[PDB]
């Protein structure tokens, strides 16, 4: 592991919902929450041996936190990830999650091109229990993204956007999720960014029963995280991430800041 290039620097964005509902309308409260969350997630990554040997010490660090204190005013017909209304259905508490990730990537393109990853933290109740979403680590045909900006020309947006993005919501079923749960959401989404796909039931090694420590972080269904494996990456995730981690590291990782 190149100690000069072992850290994925992040642009962390807190939208107006997060600022108000998690931040208590305060910059300090907002940033402290995020700084502490990323550092705990970093502990998970940093201590992971991607090859089950000495290939460890790779992690994440915040480069900048953008704090949006109020909604983005928009003209009629125009949309922005930080606008007051949910999209496509303004009657709902939250956006459609996929459309939100696409919108965030579009609006943040200039900034995203200069960082390893951009991550949006929001506070909206996505339909049916969804907590987050990210590019990378998806089995879908022609899907791409994850660490290090990769361009995608949006025929609808008429410009290049980058696929080095993901998002976390700390609201689910009308309540703020536990910090232990939030940590797991962000870990899972960055896991996709790093190259992991969902662990399959079909491989017991990567999806243990509850008495064998429970599921690992990349399981498709969320859990509170009281089981042993919950906060760790499975061997399946490690294998996937390891195929490209070094290469990606040479591309856009930087030196850890003490």
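Positions refer to the first chain, counted from 1. Note that the rigid core is defined as the largest set of C-alphas that superpose within 1.5 Å between two forms.
Q: Just give me the stretch that moves more in 5 other deposited structures of this protein: 35 to 43 or 216 to 224, judged by RMS C-alpha distance after a core fit.
A: Per-stretch check in 5 other deposited structures of this protein: the more divergent one is 216 to 224.
Q: 8 to 16 versus 237 to 245: which one's CA atoms end up farther from this form in 5 other deposited structures of this protein after a core fit?
A: When 237 to 245 and 8 to 16 are compared in 5 other deposited structures of this protein, the bigger C-alpha shift is seen for 237 to 245.
Q: Tell whether, across the other compared PDB entries, at least a third have no coordinates for residue 141.
A: Yes.
Q: Give the stretch, out of 131 to 139 and 112 to 120, with the larger mean C-alpha temperature factor in the deposited entry.
A: It is 131 to 139.
Q: On mean Cα temperature factor in this entry, is 25 to 33 or 53 to 61 the higher one?
A: It is 53 to 61.
Q: Test of reading the entry: by CA B factor among the chain's modelled residues, which third contains residue 150?
A: Its C-alpha B-factor belongs to the middle third of this chain's values.
Q: Determine, from the deposited record, the chain-internal third of the Cα B-factor for residue 161: lowest, middle or highest.
A: Its C-alpha B-factor belongs to the middle third of this chain's values.
Q: Hey, what third does residue 203 fall into on Cα B-factor, ranked over its chain?
A: Highest third - that is where residue 203 ends up once the chain's C-alpha B-factors are sorted.
Q: Give the position of residue 84 by CA B-factor within its chain, expressed as the lowest, middle or highest third.
A: According to the entry, residue 84 has a C-alpha B-factor in the chain's middle third.
Q: Sorting by Cα B-factor within the chain, modelled residues only, which third would residue 181 end up in: lowest, middle or highest?
A: Its C-alpha B-factor, which the entry lists for residue 181, ranks in the lowest third among residues of this chain.
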